[PDB]
Amino acid sequence: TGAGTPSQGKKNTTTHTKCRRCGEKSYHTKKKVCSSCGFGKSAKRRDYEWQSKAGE
Amino acid sequence: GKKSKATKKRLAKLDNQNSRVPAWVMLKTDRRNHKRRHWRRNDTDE
Amino acid sequence: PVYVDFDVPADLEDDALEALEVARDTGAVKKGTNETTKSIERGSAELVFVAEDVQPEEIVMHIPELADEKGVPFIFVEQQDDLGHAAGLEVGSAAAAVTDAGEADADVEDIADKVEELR
Amino acid sequence: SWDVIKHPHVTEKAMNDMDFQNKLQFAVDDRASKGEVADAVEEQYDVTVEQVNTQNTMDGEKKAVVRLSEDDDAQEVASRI
Amino acid sequence: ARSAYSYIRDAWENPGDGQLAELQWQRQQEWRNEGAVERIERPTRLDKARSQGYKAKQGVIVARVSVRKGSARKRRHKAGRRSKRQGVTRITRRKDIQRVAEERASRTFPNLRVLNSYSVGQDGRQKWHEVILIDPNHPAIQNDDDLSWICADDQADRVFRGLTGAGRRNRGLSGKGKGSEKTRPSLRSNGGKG
Amino acid sequence: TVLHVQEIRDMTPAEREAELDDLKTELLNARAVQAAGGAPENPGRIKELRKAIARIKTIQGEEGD
RNA sequence: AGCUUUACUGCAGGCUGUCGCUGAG
RNA sequence: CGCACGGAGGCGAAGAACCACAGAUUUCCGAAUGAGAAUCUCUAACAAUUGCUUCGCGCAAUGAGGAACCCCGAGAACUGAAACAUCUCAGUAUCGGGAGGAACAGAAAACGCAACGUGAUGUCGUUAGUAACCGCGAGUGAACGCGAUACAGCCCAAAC
Ligand SMILES: [Cl-]
Ligand SMILES: [Cl-]
Ligand SMILES: [K+]
Ligand SMILES: [Mg+2]
Ligand SMILES: [Mg+2]
Ligand SMILES: [Mg+2]
Ligand SMILES: [Mg+2]
Ligand SMILES: [Mg+2]
Ligand SMILES: [Mg+2]
Ligand SMILES: [Mg+2]
Ligand SMILES: [Mg+2]
Ligand SMILES: [Mg+2]
Ligand SMILES: [Mg+2]
Ligand code: NA
Ligand code: NA
Ligand code: NA
Ligand code: NA
Ligand code: NA
Ligand code: NA
Ligand code: NA
Ligand code: NA
Ligand code: NA
Ligand code: NA
Ligand code: NA
C-alpha cells in the first residue's frame, strides 16, 4: 500500500479543534491540550523565544 | 458526526458570514467579500 | 528529658508551686528563662523552677549545670503553663526563679532540702 | 438580563401550525427551557399553553413551537400583532 | 551577664557534643518522618532566629525544610557534546542547599515572604534548615517599625530573586572590594561570570 | 426624544417599572411586525425604544430603584 | 553522517577501598 | 445618525453631533477558582496553597498578563584555532522561576596612587587592550585611581 494517496483515505479522525481558551483550532481533543496556547497543560500561556529572531 | 450545541452555533455563524455584501453598501460606498467559503472547496475549523 | 536527671513527686511539685505563688506576693520572683538565667549568674537566686515540657529543649538545657556551679537550688515542674500561672502570668513560662522568697523562706528551704535528698 | 421571548417566527410552515394546529412559533433565547417558554407565552398573551417543542436552529437561535388549548385561538392571538 | 540566648548559641557551635548531640540523635528520627516542609510553632535555635529578625509575634512564621545532600542530580547528555561538557557526576549546582530550602518553603507559603534562614543540622543524606517567613499583609507586621519594610511591593518573591541573605552571599556580594568585580551590582549585568 | 431624562426622574420607582414594561412591549410588537416583514415601520422609533429602556434602567440604578 | 575496533581523548555504568550517617563492649 | 457618499426614516434651540473627566451597564470561555466540558453543562461554592483567626472561608494573600528592559537559576552547537581535544564561539542561543516602573546594588571585617592619603552604591568618560589568563597557540581580559553624573544616611540582635 502506498504511503501517499492510498493512505490518505483513512484520515477521518478528529484531533485538533477550536480551543476554548485561545480560539485557535489547535485543541487536541484526544489529549485535551492546545498545541498553540498550552491550555490543558499550562496555566501560563504557551510562548517561546524561538518564535522570533534572537535579537528581536 | 454528532455536533454539540456550541459547534452548531459556530457552524451557524460561519454560514451567516458566508453571505454577500448587500447591494446598498455598494452604493453607500460608491463601490467584495474576502471571506467567502464554499463547503466543498474550503474547510472550516474544528 | 535530656536536662532532667530526676523525677519530682506530684506532691512535691504542688508544695513547690504553692511556695512560688506566695513568693510573688510576699517576696520577689523572676519570670522567663533569660531573667532566671541572670539570677543564677548574679547569685540573687534562691530557688529556680524549670518546666519539663519545653520544646526546643535548648532553651533550658543550661539551667541544671549552671545552677550546680552556683549552688542555687532548682526543681522541675511538669507543665509549662502551670509554672507560668504560679509566677502570676497569663501565659506559660519555661522557667522562673524565686529571688528572695517571702513567708515561704521556711518552705522553700525545705523543698530545697527535699530535692537535694531526692538526689 | 435576557428576555425569554425574542419574536414571533412567521413563515409559511409557521402559519400552517397556526391555522391548522393552534400552534404559535417563536424565536426564543437559547438558554430557555420548554417550561420557561410556556410561562412567558401565557404571561404575554394571556392564554393556556398545552405543549412546547424546541429546536436549536442553524441560525443560532432557538425556535419554539407552542400549542395552545382549544380555549385559545392561535390565529386570533397572532392577529393582534 | 550572659544572656540565656548565649547558651543556645554556644551549644550549637558544636552540634556533635553534649546534650545537643543527644537531642539531635533523637529529633532527626522524628524529622526523617516529617515532610519536605513542616511549620513549627517555635524556632529550634532561638538565639539564631531572633538574631536574624525573628519575633514572637503575629505574622511571623517558621518552618523546617529538608533537602537532599550532594551534587547536582544531573542527566547525561543526549546529543553531541565536547568532552568538557560530557560530565554528570562532578557537576554541582551554583545555588547552595540552604537557598534551595528557602525557595521550597516560600512556595509552600505563597502569601508569605522569606526573611532569613539557618541550619539545624544534617544526617548522612539530607540537610535541614529552618526558614523564617513573614506575612506582609498582617497589620501586626505592617505596623512594626522593624519589619514593615518587607511589606513593600518590591519585596515580592524576594527569595526567588536572590534578595535573601543567603542569596546575596551565594551571589558573591559579601566582599565590597577585591574579588567582587563580576558580582556587584548583579551577576547578570556582569555577563554571568561571577 | 419623545421621552426625556427629567420626565424619567419625575417618575416614581413604580412608574418607571410600569413605563419599562410598556416600552419593552412596544419593542416586542415592533420586532414582531418586523418579523412578519411588516413595512408599516418607522426605523427611528424601534431604535428609540432601545435607548429609552437603557435610560429608564440607568436611572433605576441611579435612584436606587 | 551512520557504523566498527586492542585508533586518540573522554563520559555513563559495574566492581572495590576510604570518609560521613555511625553507636556500646 | 462610525469607516460607508444607498433607500426609508429619525434625532437636535428640552442645545444633539463631537471632545475631556467621572459614573452605569458590561453575555460565555479565559489565572478561571463548586464540578465537569473543544466557549457548553450539572447540583451553593475564595478550587488549590497559605496567614490571621470570633477555628465560620469570618478577614486576607497567591495564581495570570505585559514591547522590551531587570533579577535569580539551567545551559548548547555550528564556528574560530585554517585539522582538533583545553581554549574559542559564550555564560551567547534556548529553557525554568520571579519583581518593578524601572530593577539590582548600597553605608567597608573597603581601598592599599603605602599615605600626615581616599571614604556607601550604581552609571558615563578614562585608566587599557594596561595587569592577568592561554596546546604561553589562536585568542581572552579586569581593577585601584582620576574626570563626571547624582548624592544620604540609617534599623536590629545582645548587654541593662
Ligand atoms: Cl519570598
Ligand atoms: Cl585613594
Ligand atoms: K567546540
Ligand atoms: Mg512515510
Ligand atoms: Mg443561507
Ligand atoms: Mg429536541
Ligand atoms: Mg565522519
Ligand atoms: Mg470552572
Ligand atoms: Mg577549526
Ligand atoms: Mg545594573
Ligand atoms: Mg595551532
Ligand atoms: Mg571569556
Ligand atoms: Mg583595586
Ligand atoms: Na469541506
Ligand atoms: Na431572529
Ligand atoms: Na511566598
Ligand atoms: Na567566577
Ligand atoms: Na551516514
Ligand atoms: Na465596558
Ligand atoms: Na482569593
Ligand atoms: Na476559614
Ligand atoms: Na579552519
Ligand atoms: Na574537520
Ligand atoms: Na588554553
# chains A, B, ... in the order shown; residues from 1 in each chain; ligands from 1
>>> select_by_dssp(residues="chain C", states="alpha helix (DSSP H)", output="ChimeraX atom specification")
/C:10-26,33-42,58-68,80-86,105-117
>>> residues_near_ligand(ligand="ligand 7", cutoff="12 Å", atoms="only C-alpha atoms (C1' of nucleotides) and all ligand atoms", output="PDB file with N, CA and C atoms (P, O5', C5', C4', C3', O3' and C1' of nucleotides), in the first residue's frame")
ATOM      1  P     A G   1      29.512  15.137  11.180  1.00  0.00           P
ATOM      2  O5'   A G   1      28.489  13.968  10.834  1.00  0.00           O
ATOM      3  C5'   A G   1      27.070  14.189  10.855  1.00  0.00           C
ATOM      4  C4'   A G   1      26.368  13.047  10.175  1.00  0.00           C
ATOM      5  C3'   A G   1      26.527  11.683  10.833  1.00  0.00           C
ATOM      6  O3'   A G   1      25.579  11.506  11.881  1.00  0.00           O
ATOM      7  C1'   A G   1      26.966  11.476   8.535  1.00  0.00           C
ATOM      8  P     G G   2      25.917  10.534  13.115  1.00  0.00           P
ATOM      9  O5'   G G   2      25.712   9.071  12.526  1.00  0.00           O
ATOM     10  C5'   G G   2      24.400   8.532  12.330  1.00  0.00           C
ATOM     11  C4'   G G   2      24.488   7.194  11.647  1.00  0.00           C
ATOM     12  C3'   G G   2      25.339   6.135  12.331  1.00  0.00           C
ATOM     13  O3'   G G   2      24.676   5.482  13.414  1.00  0.00           O
ATOM     14  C1'   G G   2      25.915   6.220  10.052  1.00  0.00           C
ATOM     15  P     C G   3      25.539   4.943  14.668  1.00  0.00           P
ATOM     16  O5'   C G   3      26.443   3.807  14.020  1.00  0.00           O
ATOM     17  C5'   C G   3      25.847   2.619  13.473  1.00  0.00           C
ATOM     18  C4'   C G   3      26.910   1.721  12.903  1.00  0.00           C
ATOM     19  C3'   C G   3      28.077   1.404  13.825  1.00  0.00           C
ATOM     20  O3'   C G   3      27.784   0.393  14.775  1.00  0.00           O
ATOM     21  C1'   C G   3      28.915   2.033  11.722  1.00  0.00           C
TER      22        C G   3
END
>>> residues_near_ligand(ligand="ligand 23", cutoff="12 Å", atoms="only C-alpha atoms (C1' of nucleotides) and all ligand atoms", output="MDAnalysis selection string")
chainID H and resid 79 81:84
>>> write_last_selection(atoms="N, CA, C and O atoms (P, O5', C5', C4', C3', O3' and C1' of nucleotides)", output="PDB file, in the first residue's frame")
ATOM      1  P     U H  79      31.696  23.706  12.062  1.00  0.00           P
ATOM      2  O5'   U H  79      32.049  25.229  12.336  1.00  0.00           O
ATOM      3  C5'   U H  79      31.409  26.279  11.597  1.00  0.00           C
ATOM      4  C4'   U H  79      31.751  27.613  12.203  1.00  0.00           C
ATOM      5  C3'   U H  79      33.234  27.854  12.387  1.00  0.00           C
ATOM      6  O3'   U H  79      33.857  28.229  11.175  1.00  0.00           O
ATOM      7  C1'   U H  79      32.118  28.462  14.364  1.00  0.00           C
ATOM      8  P     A H  81      40.207  29.257  11.566  1.00  0.00           P
ATOM      9  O5'   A H  81      41.189  28.826  12.743  1.00  0.00           O
ATOM     10  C5'   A H  81      42.042  29.802  13.364  1.00  0.00           C
ATOM     11  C4'   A H  81      42.722  29.226  14.588  1.00  0.00           C
ATOM     12  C3'   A H  81      43.570  27.980  14.405  1.00  0.00           C
ATOM     13  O3'   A H  81      44.858  28.353  13.926  1.00  0.00           O
ATOM     14  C1'   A H  81      42.186  27.725  16.305  1.00  0.00           C
ATOM     15  P     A H  82      45.970  27.231  13.597  1.00  0.00           P
ATOM     16  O5'   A H  82      45.410  26.480  12.308  1.00  0.00           O
ATOM     17  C5'   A H  82      45.302  27.150  11.041  1.00  0.00           C
ATOM     18  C4'   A H  82      43.864  27.197  10.623  1.00  0.00           C
ATOM     19  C3'   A H  82      43.211  25.857  10.274  1.00  0.00           C
ATOM     20  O3'   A H  82      41.917  25.744  10.880  1.00  0.00           O
ATOM     21  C1'   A H  82      42.854  27.436   8.545  1.00  0.00           C
ATOM     22  P     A H  83      41.679  24.663  12.051  1.00  0.00           P
ATOM     23  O5'   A H  83      42.005  23.253  11.377  1.00  0.00           O
ATOM     24  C5'   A H  83      41.112  22.654  10.421  1.00  0.00           C
ATOM     25  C4'   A H  83      41.073  21.151  10.612  1.00  0.00           C
ATOM     26  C3'   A H  83      40.568  20.634  11.954  1.00  0.00           C
ATOM     27  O3'   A H  83      39.150  20.583  12.000  1.00  0.00           O
ATOM     28  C1'   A H  83      42.563  19.518  11.417  1.00  0.00           C
ATOM     29  P     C H  84      38.363  21.216  13.247  1.00  0.00           P
ATOM     30  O5'   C H  84      38.858  20.378  14.508  1.00  0.00           O
ATOM     31  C5'   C H  84      38.635  18.966  14.613  1.00  0.00           C
ATOM     32  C4'   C H  84      39.356  18.430  15.817  1.00  0.00           C
ATOM     33  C3'   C H  84      39.061  19.176  17.110  1.00  0.00           C
ATOM     34  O3'   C H  84      37.908  18.630  17.745  1.00  0.00           O
ATOM     35  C1'   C H  84      41.399  19.042  16.804  1.00  0.00           C
TER      36        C H  84
END
>>> residues_near_ligand(ligand="ligand 17", cutoff="8 Å", atoms="only C-alpha atoms (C1' of nucleotides) and all ligand atoms", output="PyMOL selection string")
chain E and resi 182+193-194
>>> write_last_selection(atoms="N, CA and C atoms", output="compact mmCIF listing (two decimals), in the first residue's frame")
# COMPACT_ATOMS: atom_id res chain seq x y z
N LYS E 182 33.00 40.92 39.22
CA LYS E 182 31.95 40.28 38.42
C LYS E 182 30.66 39.99 39.20
N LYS E 193 29.54 36.01 34.87
CA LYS E 193 30.87 35.44 35.00
C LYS E 193 31.37 35.27 36.43
N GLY E 194 30.53 35.61 37.41
CA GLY E 194 30.90 35.53 38.82
C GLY E 194 30.98 34.17 39.50
>>> residues_near_ligand(ligand="ligand 4", cutoff="10 Å", atoms="only C-alpha atoms (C1' of nucleotides) and all ligand atoms", output="list in words")
residues 2, 3 and 4 of chain A
>>> closest_residue(among="E:63, E:76, E:163, E:140", to="residue 13 (chain G)", atoms="only C-alpha atoms (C1' of nucleotides)")
E:76
>>> residues_near_ligand(ligand="ligand 12", cutoff="12 Å", atoms="only C-alpha atoms (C1' of nucleotides) and all ligand atoms", output="PyMOL selection string")
(chain E and resi 190-194) or (chain H and resi 87-92+133-134+139-142)
>>> interface_residues(of="chain F", to="chain H", cutoff="7 Å", atoms="only C-alpha atoms (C1' of nucleotides)", output="VMD selection string")
chain F and resid 42 to 44 58
>>> write_last_selection(atoms="N, CA and C atoms", output="PDB file, in the first residue's frame")
ATOM      1  N   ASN F  42     -41.080  52.403  11.181  1.00  0.00           N
ATOM      2  CA  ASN F  42     -40.648  53.779  11.417  1.00  0.00           C
ATOM      3  C   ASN F  42     -39.324  53.640  12.165  1.00  0.00           C
ATOM      4  N   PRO F  43     -38.322  53.032  11.503  1.00  0.00           N
ATOM      5  CA  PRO F  43     -36.958  52.751  11.965  1.00  0.00           C
ATOM      6  C   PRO F  43     -36.419  53.592  13.120  1.00  0.00           C
ATOM      7  N   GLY F  44     -36.718  54.885  13.105  1.00  0.00           N
ATOM      8  CA  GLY F  44     -36.237  55.752  14.162  1.00  0.00           C
ATOM      9  C   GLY F  44     -36.783  55.431  15.542  1.00  0.00           C
ATOM     10  N   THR F  58     -30.986  52.941  33.531  1.00  0.00           N
ATOM     11  CA  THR F  58     -29.877  53.716  34.065  1.00  0.00           C
ATOM     12  C   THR F  58     -30.321  54.480  35.303  1.00  0.00           C
TER      13      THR F  58
END
>>> atom_distance(atom1="CA of residue 76 (chain C)", atom2="CA of residue 49 (chain C)")
5.8 Å
>>> residues_near_ligand(ligand="ligand 8", cutoff="12 Å", atoms="only C-alpha atoms (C1' of nucleotides) and all ligand atoms", output="list in words")
residues 29, 30, 31, 32, 33, 34, 35, 36, 37, 40, 41, 42, 45 and 47 of chain H
>>> write_last_selection(atoms="C-alpha atoms (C1' of nucleotides)", output="PDB file, in the first residue's frame")
ATOM      1  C1'   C H  29     -14.815  30.976  27.702  1.00  0.00           C
ATOM      2  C1'   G H  30     -10.482  32.747  29.738  1.00  0.00           C
ATOM      3  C1'   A H  31      -5.329  32.802  36.105  1.00  0.00           C
ATOM      4  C1'   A H  32     -10.684  30.762  35.772  1.00  0.00           C
ATOM      5  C1'   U H  33     -11.432  29.372  41.497  1.00  0.00           C
ATOM      6  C1'   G H  34     -18.277  24.455  43.161  1.00  0.00           C
ATOM      7  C1'   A H  35     -17.958  20.282  39.497  1.00  0.00           C
ATOM      8  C1'   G H  36     -17.334  18.804  34.643  1.00  0.00           C
ATOM      9  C1'   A H  37     -16.835  20.491  29.263  1.00  0.00           C
ATOM     10  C1'   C H  40     -21.334  24.303  26.844  1.00  0.00           C
ATOM     11  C1'   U H  41     -23.477  21.837  31.089  1.00  0.00           C
ATOM     12  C1'   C H  42     -24.597  19.748  36.144  1.00  0.00           C
ATOM     13  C1'   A H  45     -19.007  27.074  46.191  1.00  0.00           C
ATOM     14  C1'   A H  47     -10.809  25.356  43.633  1.00  0.00           C
TER      15        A H  47
END
>>> residues_near_ligand(ligand="ligand 15", cutoff="10 Å", atoms="only C-alpha atoms (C1' of nucleotides) and all ligand atoms", output="short mmCIF file (atom, residue, chain, number, x, y, z; two decimals) with N, CA and C atoms, in the first residue's frame")
data_model
loop_
_atom_site.label_atom_id
_atom_site.label_comp_id
_atom_site.auth_asym_id
_atom_site.auth_seq_id
_atom_site.Cartn_x
_atom_site.Cartn_y
_atom_site.Cartn_z
N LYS D 6 -38.06 36.32 22.03
CA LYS D 6 -37.41 37.27 21.15
C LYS D 6 -38.39 37.88 20.17
N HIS D 7 -39.13 37.02 19.47
CA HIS D 7 -40.11 37.48 18.49
C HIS D 7 -40.83 36.31 17.82
N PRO D 8 -41.98 36.58 17.20
CA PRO D 8 -42.75 35.54 16.52
C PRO D 8 -42.02 35.05 15.27
N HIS D 9 -41.92 33.74 15.12
CA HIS D 9 -41.28 33.16 13.96
C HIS D 9 -42.38 33.00 12.91
N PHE D 26 -42.17 30.68 17.98
CA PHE D 26 -41.39 31.81 18.44
C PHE D 26 -39.89 31.58 18.34
N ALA D 27 -39.15 32.68 18.31
CA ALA D 27 -37.71 32.64 18.31
C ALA D 27 -37.53 32.96 19.78
N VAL D 28 -36.89 32.07 20.53
CA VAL D 28 -36.69 32.31 21.96
C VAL D 28 -35.22 32.24 22.32
N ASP D 29 -34.88 32.75 23.50
CA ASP D 29 -33.50 32.74 23.94
C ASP D 29 -33.08 31.29 24.14
N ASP D 59 -29.53 28.93 12.70
CA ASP D 59 -29.49 30.38 12.59
C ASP D 59 -28.85 30.90 13.86
N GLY D 60 -28.63 29.99 14.80
CA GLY D 60 -28.01 30.36 16.06
C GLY D 60 -29.01 30.67 17.15
N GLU D 61 -30.28 30.71 16.78
CA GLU D 61 -31.36 30.99 17.73
C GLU D 61 -32.16 29.72 18.03
N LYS D 62 -32.96 29.74 19.09
CA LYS D 62 -33.80 28.59 19.44
C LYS D 62 -35.25 28.83 19.03
N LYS D 63 -35.82 27.89 18.29
CA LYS D 63 -37.19 28.01 17.84
C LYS D 63 -38.10 27.16 18.71
N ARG F 31 -40.71 44.49 16.80
CA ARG F 31 -39.94 43.37 16.27
C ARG F 31 -40.86 42.35 15.61
N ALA F 35 -40.69 40.94 12.04
CA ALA F 35 -40.54 39.51 11.78
C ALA F 35 -41.47 39.10 10.64
#
